[PDB]
Amino acid sequence: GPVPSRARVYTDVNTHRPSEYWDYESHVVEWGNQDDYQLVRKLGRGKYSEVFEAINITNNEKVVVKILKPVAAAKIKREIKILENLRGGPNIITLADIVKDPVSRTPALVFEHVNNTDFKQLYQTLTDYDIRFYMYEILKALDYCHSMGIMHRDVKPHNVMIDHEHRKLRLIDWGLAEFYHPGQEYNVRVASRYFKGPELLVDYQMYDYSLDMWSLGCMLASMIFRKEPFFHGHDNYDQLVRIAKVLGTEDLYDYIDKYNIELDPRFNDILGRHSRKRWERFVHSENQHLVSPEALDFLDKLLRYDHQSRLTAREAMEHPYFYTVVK
Ligand SMILES: NC(=O)c1ccc2c(c1)nc(NCCOCCCCNCc1ccc(OC(F)(F)F)c(Cl)c1)c1ccncc12
């Protein structure tokens with residue numbers, strides 16, 4: 001059957017931490033006071049929760065409250081433990097409190113507020129310099145969480161908060177985040193369609209931190225080529241075909257042969273035969289100001305089928321693409 005895989009970095013971080021670190025089920029939640037927070041307005045509703053802008057009346061500061069739906073109320077300890085483990089880390093959203101919502105009777109997570117008043121799609125209107133600057137800021141968060149034995153598993157623009165006025169970035173929504181344990185088989189139903197790595201699409205469960213680096217490459221490709229999303233799958237099956245139309249089918253077949261993966265036979269009639277396209281195929285007069293040989297080389301090194309071949313967050317921070325960014 002499938003060949004095993006393990007991360008090439010931070011492989012054993014959880015084995016050398018005390019069990020209290022990663023055994024989230026044993027964690028005892030310290031509950032705050034729901035009365036400290038006054039809900040102001042609804043910001044959005046997901047499949048398992050709703051988010052509100054709120055005021056912490058003990059300091060008159062804005063906060064964001066995520067109220068869990070009764071269905072998710074049970075599996076909150078994983079997210080809580082990860083948020084507490086990562087608290088204070090570079091560009092990681094701060095969990096300010098955990099309270100029981102008086103209406104839903106479910107857990108409510110209280111987060112640091114980031115000014116989210118930059119309307120439109122700042123995501124598709126940044127300058128070349130600002131793309132590099134913010135990409136480096138995301139990498140500080142990803143190297144931190146990966147160094148802390150945690151995979152985010154939902155890297156996408158909707159989970160990157162930017163206060164453009166103060167050039168502040170936070171990586172949010174650790175609701176799909178997991179502890180990495182070598183040899184552990186994980187659920188492939190993670191990340192959002194357009195940002196799903198090939199490992200998820202071919203049903204390879206023994207993945208690791210490198211899944212976040214594929215998602216990151218999808219964001220970079222979308223920004224530098226002004227193509228939102230870069231890999232525009234109609235469903236999870238077509239998502240792999242869209243990738244194959246860019247990266248080619250040969251490397252895809254080499255990847256599945258290397259890990260002894262059994263490709264879903266539904267792929268036989270839709271994958272076809274494609275050769276790798278050179279990255280300049282995506283360059284045109286409207287995106288040429290964001291494209292550089294450094295950007296293309298960096299992107300090439302993130303968007304690889306083989307999860308063990310992609311740059312790690314630390315290798316990515318060493319890339320020449322970031323030499324122009326003030327440190
Ligand atoms: N943990 C929680 O559940 C959580 C924690 C905190 C918040 C939260 C959820 N949801 C909030 N609003 C609802 C979700 O609103 C998502 C808007 C995302 C906007 N991408 C902006 C953007 C712009 C440019 C980008 O490119 C780059 F290169 F990075 F520069 C990228 Cl990748 C992304 C919120 C608002 C204010 N302050 C804290 C929170």
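Heads up, residue numbers simply count up from 1 along the chain you see.
Here the Cβ of each residue, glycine as well, is placed from N, Cα and C on the backbone.
Residues 34-39 are the range that Swiss-Prot records as region 'Interaction with beta subunit', among 34-39, 88-93, 166-171, 310-315. Together with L43, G44, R45, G46, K47, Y48, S49, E50, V51, Swiss-Prot lists one candidate of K62, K66 for binding ATP, that being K66. Those residues noted as binding ATP (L43, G44, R45, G46, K47, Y48, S49, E50, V51, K66) have their most widely separated CA atoms at a distance of 14 Å. With a cut-off of 6 Å between Cβ and the nearest atom of ligand 1, the binding-site residues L43, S49, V51 reduce to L43, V51.
Counting every protein chain shown, 8 other Cβ atoms lie within 10 Å of the Cβ of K47 (ATP binding site).
Scoring each of the binding-site residues (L43, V51) by how many neighbouring Cβ atoms lie within 10 Å, the top position goes to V51. DSSP places the residues of the region 'Interaction with beta subunit' (34-39) in helix, strand and coil in these numbers: 3 helix, 3 strand, 0 coil. Listed in sequence order, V51 are the same-chain residues at least 6 apart in sequence whose CB falls under 8 Å from the CB of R45 (ATP binding site).
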